[PDB]
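Asker: In order, the protein sequence lines correspond to chains B and A. Adding 23 to a residue's 1-based position in the first sequence gives its number in the authors' numbering. Adding 19 to a residue's 1-based position in the second sequence gives its number in the authors' numbering. A virtual CB, placed ideally from N, CA and C, is assigned to each residue, including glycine. Starting off with a structure, shown below.
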Amino acid sequence: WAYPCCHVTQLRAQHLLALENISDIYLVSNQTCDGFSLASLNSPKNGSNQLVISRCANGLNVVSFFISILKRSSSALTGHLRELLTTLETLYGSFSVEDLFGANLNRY
Amino acid sequence: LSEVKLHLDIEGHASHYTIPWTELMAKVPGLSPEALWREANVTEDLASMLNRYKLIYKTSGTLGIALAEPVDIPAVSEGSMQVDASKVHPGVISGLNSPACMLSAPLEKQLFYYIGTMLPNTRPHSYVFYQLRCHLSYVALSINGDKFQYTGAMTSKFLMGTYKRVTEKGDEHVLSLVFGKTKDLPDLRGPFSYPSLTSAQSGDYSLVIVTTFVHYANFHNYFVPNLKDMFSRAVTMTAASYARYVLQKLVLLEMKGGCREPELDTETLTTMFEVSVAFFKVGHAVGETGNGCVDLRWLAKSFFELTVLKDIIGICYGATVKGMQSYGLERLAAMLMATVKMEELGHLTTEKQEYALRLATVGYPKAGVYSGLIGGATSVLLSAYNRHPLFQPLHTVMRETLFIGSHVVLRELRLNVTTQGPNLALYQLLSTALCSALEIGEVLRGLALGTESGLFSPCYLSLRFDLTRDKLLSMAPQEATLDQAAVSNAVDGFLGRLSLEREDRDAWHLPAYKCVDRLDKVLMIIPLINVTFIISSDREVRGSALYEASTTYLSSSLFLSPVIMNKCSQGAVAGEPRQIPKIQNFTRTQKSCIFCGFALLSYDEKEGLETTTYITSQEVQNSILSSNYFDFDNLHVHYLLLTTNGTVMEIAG
Numbered sequence: 024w025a026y027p028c029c030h031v032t033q034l035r036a037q038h039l040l041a042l043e044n045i046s047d048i049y050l051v052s053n054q055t056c057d058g059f060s061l062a063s064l065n066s067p068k069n070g071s072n073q074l075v076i077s078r079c080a081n082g083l084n085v086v087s088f089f090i091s092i093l094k095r096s097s098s099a100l101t102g103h104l105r106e107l108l109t110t111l112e113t114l115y116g117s118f119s120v121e122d123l124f125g126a127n128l129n130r131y
Numbered sequence: 020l021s022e023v024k025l026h027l028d029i030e031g032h033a034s035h036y037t038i039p040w041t042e043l044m045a046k047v048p049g050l051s052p053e054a055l056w057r058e059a060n061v062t063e064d065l066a067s068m069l070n071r072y073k074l075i076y077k078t079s080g081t082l083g084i085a086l087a088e089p090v091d092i093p094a095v096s097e098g099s100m101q102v103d104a105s106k107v108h109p110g111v112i113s114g115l116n117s118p119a120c121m122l123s124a125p126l127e128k129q130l131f132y133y134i135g136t137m138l139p140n141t142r143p144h145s146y147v148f149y150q151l152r153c154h155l156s157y158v159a160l161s162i163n164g165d166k167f168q169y170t171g172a173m174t175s176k177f178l179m180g181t182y183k184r185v186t187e188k189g190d191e192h193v194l195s196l197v198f199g200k201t202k203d204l205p206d207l208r209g210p211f212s213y214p215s216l217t218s219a220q221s222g223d224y225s226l227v228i229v230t231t232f233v234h235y236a237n238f239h240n241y242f243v244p245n246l247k248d249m250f251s252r253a254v255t256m257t258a259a260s261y262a263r264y265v266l267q268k269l270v271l272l273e274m275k276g277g278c279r280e281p282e283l284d285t286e287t288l289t290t291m292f293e294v295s296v297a298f299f300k301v302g303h304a305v306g307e308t309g310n311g312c313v314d315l316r317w318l319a320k321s322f323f324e325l326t327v328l329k330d331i332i333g334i335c336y337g338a339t340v341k342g343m344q345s346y347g348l349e350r351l352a353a354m355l356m357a358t359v360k361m362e363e364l365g366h367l368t369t370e371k372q373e374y375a376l377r378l379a380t381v382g383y384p385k386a387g388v389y390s391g392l393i394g395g396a397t398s399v400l401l402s403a404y405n406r407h408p409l410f411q412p413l414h415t416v417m418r419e420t421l422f423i424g425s426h427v428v429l430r431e432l433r434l435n436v437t438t439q440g441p442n443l444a445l446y447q448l449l450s451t452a453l454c455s456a457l458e459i460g461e462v463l464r465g466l467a468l469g470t471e472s473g474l475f476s477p478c479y480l481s482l483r484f485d486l487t488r489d490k491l492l493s494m495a496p497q498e499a500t501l502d503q504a505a506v507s508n509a510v511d512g513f514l515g516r517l518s519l520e521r522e523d524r525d526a527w528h529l530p531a532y533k534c535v536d537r538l539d540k541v542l543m544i545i546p547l548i549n550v551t552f553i554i555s556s557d558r559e560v561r562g563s564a565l566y567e568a569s570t571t572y573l574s575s576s577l578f579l580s581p582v583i584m585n586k587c588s589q590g591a592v593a594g595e596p597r598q599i600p601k602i603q604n605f606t607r608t609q610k611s612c613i614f615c616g617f618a619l620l621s622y623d624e625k626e627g628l629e630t631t632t633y634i635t636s637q638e639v640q641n642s643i644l645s646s647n648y649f650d651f652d653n654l655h656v657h658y659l660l661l662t663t664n665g666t667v668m669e670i671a672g
């Protein structure tokens with residue numbers, strides 16, 4: 024019903040991935056893993072799809088980002104880029120934050 | 020880069036959407052994906068994100084009700100000369116009654132000329148909203164010496180005021196309110212959902228509370244806003260109306276001394292937010308009707324309530340406002356006025372009279388350095404006075420009129436350019452006469468019973484500096500039907516707004532002013548045609564002669580110093596004042612206007628000065644000798660007559 028979940032960690036005193044190199048993003052459902060809104064940031068290294076780097080990100084945060092961009096430019100989008108918003112928002116509201124208080128966040 | 024695609028999973032199926040922000044960046048200006056992607060900590064380890072959310076207040080009782088927005092802007096009339104705000108034509112393009120309206124596209128761009136940050140970089144906000152930047156306008160506030168401040172940040176779509184207090188230490192507490200159409204609310208960042216942050220909701224309007232629990236505590240100690248009514252009123256109420264509802268709320272606080280002892284309470288804080296909402300309402304109005312046209316009558320009325328509002332907000336608090344004045348609307352209003360028989364405005368209709376003076380205030384700035392604006396304000400007032408006996412109906416349509424006009428007059432007075440001084444001095448004289456015992460008396464009555472807000476009174480510009488804490492309590496109505504306690508508050512309130520609305524320089528223009536040594540003991544000055552009378556409790560005035568009433572009941576004496584030809588001689592009058600001669604000669608019925616350019620002054624033996632009257636024309640003199648203005652069958656009251664000559668006399672015939 025999705026893809027492997029994970030254990031999201033921050034990358035202290037290094038450098039991060041930008042939008043410049045990422046191009047694929049896999050999201051989860053409000054029941055796949057365990058309530059955790061997780062996302063996978065896939066970006067091909069070198070040239071094409073030879074060796075693909077895939078690291079974890081925070082679903083809710085990611086989804087919120089996209090939800091924002093879509094709304095911020097509604098004057099320039101129709102088709103999928105309009106239904107995607109309404110469907111992406113419903114997804115965003117499918118997760119429950121306040122449950123993570125008692126939930127074990129190292130399940131993965 | 021450029022192309023990016025994400026995969027989802029509705030019900031058992033994998034969805035595929037590709038978002039090419041590369042093409043989007045071309046069709047959109049402010050869309051900078053690179054920044055937003057970083058703003059939202061993508062790699063925010065599961066655990067740390069949570070606390071960044073739980074340290075945010077939760078609108079537990081998120082309640083809402085039915086509140087459909089009222090009809091505001093009317094549909095442009097017939098041949099309404101629709102003009103651009105960006106540039107006014109080198110000449111006129113209208114008349115006075117001719118239909119007209121302004122284009123929204125330019126008007127709005129002019130109002131929201133300033134650019135800014137609806138969402139600052141403060142710890143609280145940076146946790147919820149996504150850094151935003153668009154054209155806006157705010158309302159600055161600073162009380163307790165930068166120890167507390169408010170900001171009325173607003174855009175063409177939503178308002179977001181923020182409160183900021185500081186404990187003795189570097190402690191900084193902040194809490195903000197967000198108002199606007201639910202569809203226009205900013206973009207939430209982390210795991211945030213507007214519902215758990217919205218306090219009041221309509222079919223399309225919301226009121227959000229952005230703040231941390233830590234802060235909400237320090238604030239709930241002195242700030243418990245009635246979100247319910249505060250929200251409704253901010254939704255179901257025409258722009259112009261809301262503007263005054265607030266203007267009145269402030270006047271109240273003013274009479275409560277809250278303008279020198281700025282109380283940090285729920286009421287005072289509430290009004291603040293509403294003050295910015297009043298400004299937001301106007302901006303949100305011109306916004307809804309994009310590429311449309313707002314009737315000039317609408318602006319002249321709406322933008323007026325704002326100008327008057329901005330002043331009180333400044334006189335009271337060192338608050339500032341910027342981003343809602345459009346030099347266009349001002350030039351237009353200015354030009355329009357310049358093309359009308361000002362000296363004959365009073366002979367016009369009521370509705371037309373307001374609209375006239377109304378917009379006259381809006382355009383006064385940008386133009387009219389030699390336009391007969393103050394003149395019109397005089398003509399309209401003159402008419403009002405002639406039709407009554409020194410007192411305007413407590414709630415007449417015209418009362419509202421004189422209030423609108425006073426503004427353009429006060430502004431004039433505050434200047435240092437003696438222009439239309441004679442024409443202006445008149446305004447003061449009339450209003451002074453209007454500040455009769457009947458006027459001052461009824462105003463109090465209403466204040467106590469709460470029927471009159473006390474927003475305006477001809478006294479605020481009158482030259483009657485006789486009414487004090489005690490003296491005012493004298494004019495107050497003597498009835499058991501009025502709470503003696505409530506009355507006191509009214510008297511105090513009136514005295515308060517009077518000391519704020521009126522200044523000491525409001526008379527730095529009057530020619531005779533330069534002749535008063537101990538000006539603090541001056542009861543009232545009466546600017547006449549060829550002379551100017553100075554009633555005071557001191558024989559120091561250096562006029563032409565010295566008069567003294569027979570009464571000694573008062574603390575001091577009652578003197579009358581007349582400055583002939585508005586020029587005073589060196590030194591006061593010789594010893595022994597001239598006594599006021601008593602006259603019974605004149606008969607009631609009068610053919611011509613005997614006491615024309617003259618004035619009447621009645622004083623009570625026990626109390627101070629009662630009422631004063633300036634007989635403008637024949638009609639007035641008749642409406643005085645016919646009515647029971649006189650009452651010689653009362654030893655306590657006396658009636659004086661000041662002529663064009665420095666002579667004074669008592670009446671009893």
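Determine the direct distance from the alpha carbon of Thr110 (chain B) to that of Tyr49 (chain B), and round the result to whole angstroms.
Answerer: 15 Å
Asker: Quick check: the segment 382–398 of chain A against the segment 417–433 of chain A, are there 3 or more CB pairs under 8 Å?
Answerer: yes
Asker: Can you name the residues of chain B whose CB is closer than 8 Å to the CB of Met68 (chain A)?
Answerer: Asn81, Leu83, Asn84
Asker: Quick one: which residues of the segment 87–101 of chain B get their C-beta closer than 9 Å to a C-beta of chain A? List them in chain order.
Answerer: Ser87, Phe88, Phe89, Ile90, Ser91, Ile92, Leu93, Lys94, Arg95, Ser96, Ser98, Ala99, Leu100
Asker: Run down chain A in chain order and give the residues with a C-beta less than 8 Å from the C-beta of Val31 (chain B).
Answerer: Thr62, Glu63, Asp64, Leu65
Asker: Quick check: the Cα distance between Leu517 (chain A) and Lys275 (chain A), rounded to an integer number of angstroms?
Answerer: 12 Å
Asker: Helix, strand or coil, according to DSSP, for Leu226 (chain A) in the structure here?
Answerer: The answer is strand: DSSP assigns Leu226 (chain A) an E or B state.
Asker: Quick check: what's the CA-CA separation for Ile92 (chain A) versus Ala119 (chain A)?
Answerer: 13 Å
Asker: Listed in chain order, which residues of the segment 199–210 of chain A have Cβ atoms closer than 7 Å to some Cβ of chain B?
Answerer: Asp206, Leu207, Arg208, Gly209, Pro210
Asker: Would you check if the segment 597–604 of chain A and the segment 530–538 of chain A touch, i.e. whether three or more CB-CB distances between them fall below 8 Å?
Answerer: no
Asker: Spell out a yes or no on whether the segment 138–149 of chain A and the segment 225–237 of chain A are touching, meaning 3 or more CB-CB pairs, one atom from each, closer than 8 Å.
Answerer: yes
Asker: Please report the residue range of the beta strand (DSSP E) in which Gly171 (chain A) lies.
Answerer: 167–173
Asker: Taking Cβ-Cβ distances shorter than 8 Å, what residues in chain B pair up with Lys46 (chain A)?
Answerer: By Cβ distance, chain B contributes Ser96, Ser98, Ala99.
Asker: Report the neighbours of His38 (chain B) on chain A: residues whose CB is nearer than 8 Å to its CB, in chain order.
Answerer: Simply none; closest approach about 11 Å.
Asker: Taking the alpha carbon of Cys534 (chain A) as the reference point, which residue from A:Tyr149, A:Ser580, A:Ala259, A:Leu661 has its own alpha carbon closest?
Answerer: Nearest option by C-alpha distance: A:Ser580.
Asker: Could you give the distance in angstroms between the alpha-carbon of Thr380 (chain A) and the alpha-carbon of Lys329 (chain A)?
Answerer: 13 Å
Asker: Tell me the DSSP secondary structure of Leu61 (chain B) in three-state form.
Answerer: strand
Asker: Could you list which residues in chain B have their beta carbon closer than 9 Å to that of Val23 (chain A), in chain order?
Answerer: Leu42, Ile45, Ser46, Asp47, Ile48
Asker: Taking any Cβ of chain A, which residues in the segment 114–125 of chain B have a Cβ under 9 Å from it, in chain order?
Answerer: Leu114, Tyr115, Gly116, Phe118, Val120, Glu121, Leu123, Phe124
Asker: On the three-state DSSP scale, how would you describe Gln101 (chain A)?
Answerer: If DSSP states are grouped into helix, strand and coil, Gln101 (chain A) belongs with the strands.
Asker: Just to confirm, are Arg418 (chain A) and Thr451 (chain A) a CB contact at a threshold of 7 Å?
Answerer: no
Asker: Give a yes or no on whether the minimum CB-CB distance between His154 (chain A) and chain B is below 7 Å.
Answerer: Answer no: the Cβ-Cβ gap between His154 (chain A) and chain B never drops below 7 Å.
Asker: In the structure shown, what three-state DSSP assignment does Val158 (chain A) receive?
Answerer: strand
Asker: Please report the residue range of the alpha helix (DSSP H) in which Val462 (chain A) lies.
Answerer: 456–468
Asker: Quick one: is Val541 (chain A) buried, meaning 16 or more other Cβ sit within 10 Å of its Cβ, or exposed?
Answerer: buried
Asker: In the DSSP assignment, what residue or residues form a beta bridge with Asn653 (chain A)?
Answerer: None, per the DSSP bridge assignment.
Asker: What does the alpha-carbon distance come out to for the pair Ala41 (chain B) and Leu378 (chain A)?
Answerer: 55 Å
Asker: For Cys79 (chain B), which three-state DSSP category applies?
Answerer: strand
Asker: Here's a check: name, in chain order, each residue in its chain whose Cβ is nearer than 7 Å to the Cβ of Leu445 (chain A), leaving out the five neighbours to either side.
Answerer: Exclusion of the five residues before and after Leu445 (chain A) leaves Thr397 as the residues of its chain whose Cβ lies within less than 7 Å of its Cβ.
Asker: Give the straight-line distance between the Cα atoms of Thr78 (chain A) and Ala219 (chain A), rounded to the nearest whole angstrom.
Answerer: 9 Å
Asker: How is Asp623 (chain A) classed by DSSP in three states: helix, strand or coil?
Answerer: strand
Asker: Determine the chain A residues that contact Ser71 (chain B) at a beta-carbon separation under 7 Å, and present them in chain order.
Answerer: Per Cβ cutoff of 7 Å: no residues; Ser71 (chain B) is ~13 Å from chain A at best.
Asker: Do the CB positions of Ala159 (chain A) and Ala338 (chain A) come within less than 7 Å of each other?
Answerer: yes
Asker: Keeping to the same chain, check which residues put their C-beta closer than 7 Å to that of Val639 (chain A); ignore five residues upstream and five downstream.
Answerer: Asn405
Asker: Relative to the alpha-carbon of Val90 (chain A), which residue among A:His26, A:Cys612, A:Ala258 has its alpha-carbon at the smallest distance?
Answerer: A:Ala258
Asker: Is the closest heavy atom of the ligand ATP to the C-beta of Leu138 (chain A) under 6 Å?
Answerer: Because no ligand of any kind appears in the structure shown, any question about the ligand ATP cannot be addressed here.
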